[PDB]
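Undergrad: Sequence, then the experimental structure. Questions to follow.
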Amino acid sequence: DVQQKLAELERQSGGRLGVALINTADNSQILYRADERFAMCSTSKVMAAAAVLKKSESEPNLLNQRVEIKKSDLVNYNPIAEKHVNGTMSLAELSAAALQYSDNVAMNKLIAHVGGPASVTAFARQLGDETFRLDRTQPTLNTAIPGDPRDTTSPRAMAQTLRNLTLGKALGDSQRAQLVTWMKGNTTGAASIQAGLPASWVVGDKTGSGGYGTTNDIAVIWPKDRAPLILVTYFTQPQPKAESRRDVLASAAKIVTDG
């Protein structure tokens, strides 16, 4: 029945929907197009921040390292970085800005620090994620052209990797806690997965959006008095200038968590 409901939602939406839910209560999954590729857009900021956190495990004062912000760093969406032009921000501050405001300059500084998109991808491989690929920097990584494998992953792979990062042992205890704290403080996700869950549930999530009306969210969820869940909801549309559809992600979240 969950499968029929997701198929009906996809049909009504007019687009292509990818869902992966991991329920850690019983080690089960709910999957819909979960092995297809989707453009990650800003959901890839989780992997970039995690790569910096991993690097910090052998470089204690890494997160305090200062990074210059210049006019030449500005890209298309810079809500935090635009306030710090001609000063510096720490790597911790850049991580928080990327994860909690979806700041694209912040993402680019995390990418650059670790060596570029191929280094973020190599980190994913080291974790056992052989699907994720980060090809480009901001702002071009969210073009989300149908058929283009650049800057894509699958729902299954991203759910499994997010579980490892937030609930598993990819990161040391301090670094895992820091990632979870950052994601729980996200400001951009209230209309996405969160909108399909009861108000009492606790969520750490990262949204993304891009061309072709691409609208994404990945989340770790602590339901009231239950074992945690991991949920990836990816969505993309046929028209280049399609509008956002955060409501589709909320609907998918409601379908897969009902009962």
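TA: Structure's in. What do you need? Residues are numbered from 1 along each chain as shown.
Undergrad: Every contact and neighbour count from this point should use C-alpha atoms.
TA: Fine.
Undergrad: Grab the nearest non-local neighbour of the residue nearest the centre of the chain.
TA: Closest residue to the average C-alpha location of the chain: residue 43 at 2.4 Å, with CA atoms, centre = their mean. Closest residue to residue 43 apart from its sequence neighbours, by CA to CA, 6 or more residues apart in numbering: residue 208 at 5.0 Å.
Undergrad: how close does the one you found sit to residue 165?
TA: To residue 165, residue 208 is 18 Å away according to CA to CA, to the nearest Å.
Undergrad: which stretches of the protein form helices?
TA: 2-13, 45-56, 91-101, 104-114, 117-127, 155-166, 173-184, 246-257 (DSSP state H).
Undergrad: Can you lay out those helices as JSON lines showing mean neighbour count?
TA: Below are the helices of the chain laid out as JSON lines (neighbours: other CA atoms under 10 Å):
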{"stretch": "helix 2-13", "mean neighbour count": "14"}
{"stretch": "helix 45-56", "mean neighbour count": "23"}
{"stretch": "helix 91-101", "mean neighbour count": "24"}
{"stretch": "helix 104-114", "mean neighbour count": "24"}
{"stretch": "helix 117-127", "mean neighbour count": "18"}
{"stretch": "helix 155-166", "mean neighbour count": "23"}
{"stretch": "helix 173-184", "mean neighbour count": "18"}
{"stretch": "helix 246-257", "mean neighbour count": "21"}
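Undergrad: Tell me which of these lies nearest to residue 223.
TA: helix 246-257 (9.6 Å; CA to CA).
Undergrad: chain center to the closest one: distance?
TA: With CA atoms, centre = their mean, to the nearest Å as the basis, helix 246-257 stands 16 Å off its chain's centre.
Undergrad: do you know how far residue 116 is from residue 108?
TA: Counting by CA to CA - residue 116 and residue 108 are separated by 9 Å.
Undergrad: Quick check: neighbours shared by the two?
TA: In terms of CA atoms under 8 Å, 6 or more residues apart in numbering, residue 116 and residue 108 are both contacted by the residues residue 137.
Undergrad: re the thing from before, got the helices of the chain as CSV, with distance to residue 133 columns?
TA: Formatted as CSV, the helices of the chain follow (distance: least, CA to CA, whole Å):
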stretch, distance to residue 133
helix 2-13, 25
helix 45-56, 10
helix 91-101, 18
helix 104-114, 13
helix 117-127, 5
helix 155-166, 11
helix 173-184, 20
helix 246-257, 23
